[PDB]
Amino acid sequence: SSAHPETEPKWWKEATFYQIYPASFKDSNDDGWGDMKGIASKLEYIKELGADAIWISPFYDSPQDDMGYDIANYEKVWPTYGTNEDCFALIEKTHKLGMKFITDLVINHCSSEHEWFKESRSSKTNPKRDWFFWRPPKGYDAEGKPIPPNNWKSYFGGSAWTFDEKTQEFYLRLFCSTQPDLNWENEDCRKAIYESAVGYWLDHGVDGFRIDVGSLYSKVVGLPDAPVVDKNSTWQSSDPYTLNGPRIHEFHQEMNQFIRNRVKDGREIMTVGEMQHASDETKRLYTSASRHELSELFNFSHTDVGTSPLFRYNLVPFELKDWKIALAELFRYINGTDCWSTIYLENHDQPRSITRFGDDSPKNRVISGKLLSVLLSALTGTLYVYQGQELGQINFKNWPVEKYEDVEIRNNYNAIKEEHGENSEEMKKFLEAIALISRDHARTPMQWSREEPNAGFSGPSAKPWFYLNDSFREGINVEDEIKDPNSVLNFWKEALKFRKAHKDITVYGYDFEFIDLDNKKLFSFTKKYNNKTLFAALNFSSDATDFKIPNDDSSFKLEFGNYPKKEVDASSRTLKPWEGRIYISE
């Protein structure tokens, strides 16, 4: 393990993180919105699950146009969630339970309601004008409407520019119209961002940051028109000119140094960057400890399978190998380096993993939920569990488009309507996709009980901010699952215990090798840690499936699996439907 610098222990490498979506976790005052007191009341639940740390999605003052990712004040909690003192009390309570606390750092853009933008937009001459990207119209079209500066597409559909009537210029917003991108080319802007979004929270005791689209801060000079790669779209991906831009490492090094110099008590701060896409070299430039940029990053390849590279909301076929390779992209690059990795299948931007990668049928949702737990339990990196994942939550079913809350759905819907028509093949394909892929499958309220109609998320008289998934009535809720010894929740508790007990090879394991990579059912691999070898055989199918252990001998002992412990023949070399097994040899 000496020629593997990645094995050097750190709190944040072996911590299991639980991600909380504050709007949807726990309402304590029956207004239908989750809040900080609600979260505080459930910290013991999170600890009992086996989490070592929490990441809370944005809880700062925000109009909620992107449900918190449009921040109007980095230094003030959104009043509906509580006060700043509520937040400080929550951080302290988390700490006193022996858990770490990370906050969401969203500094590619802020809300147009942020005072910085209110000043910026007020005139062309004010000191904050170039804290954002302002450009005149390219011209005017045949109807007299201003034409945006370039052809860039918003992440949520349509143009990535919004026209300001007062100053007669467009401003850049890669996200929704009220999320103006901050101009990192302006050094005063960078310094103000660090003070407000970073320093304030360091001063108030956070253990780290999850960094929202951290790979977008560097725009290529001139903001040039992007390549026309999508021949059926007016607007084009800006990735060549906005993703991992030429100053992106400079900016991350600078912010890393700011953090190092601002911490007052010598504590170790973790940063996890939501970087989206990166070559392995780019990942290394970001996460190598010697680079002093990020601790680790999220890479989306595994959550992109089954979606078109041109448009997330067009489905395409995939096979198991595609997902195997995409998952391995998270961690193989760290082998024999001072880099570090993340491991996750769910977050507030993703549909449910059982639906996507297991089988959410009444017959298979429990066993396949456990299979996914077995897989994640064995992988190298910082493990993240998203609220409800531990319950085996599944996608919602048969929702009309008008029920979806997400701006990503609303904006894409409207762009398709405008470009192709409401009654079009393009719309049909979109509607097909949202049923599988929408971020909203992550965002329905957390299911605490079977109580009608709000599942213990709020009192029965409240109107939740977003609709409940009907699954709470099918026993997918905390109260019912605690009592069912066979539940997905109780299994996740086991899986985290197993992972911790074997952390050298589960968390810190190296030399990952696939076994039978092409197999459309069997997901199998080995890992090493000194004299130890871990072997996984995971059957992602409703069929029985054979496997082989390479260099098999008597030393391989069955240590974890999802079929009943007393009813498994460890010597058998055929897996039952949805069966997973982890063997370890010493």
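So that there is no doubt, residue numbering starts at 1 and follows the sequence shown.
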| item | value |
| --- | --- |
| Residue range whose averaged C-alpha B-factor is higher in the record, 114-122 or 231-239 | 231-239 |
| Between the two ranges 395-403 and 355-363, the one averaging a larger CA B factor in the entry | 395-403 |
| Options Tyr194, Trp323, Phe430, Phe175 - largest CA temperature factor per the record | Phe430 |
| Given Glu185, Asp265, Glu250, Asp181, the residue at which the Cα B factor reaches its maximum | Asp265 |
| Chain-wide C-alpha B factor ranking for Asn150, given as lowest, middle or highest third | middle |
| Cα B factor band for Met67 (lowest, middle or highest third within the chain) | lowest |
| Ranked C-alpha temperature factor of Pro577 among modelled chain residues, by third | middle |
| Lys13 - which third its CA temperature factor falls in, relative to the rest of the chain | lowest |
| Chain-relative CA temperature factor third for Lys283 | middle |
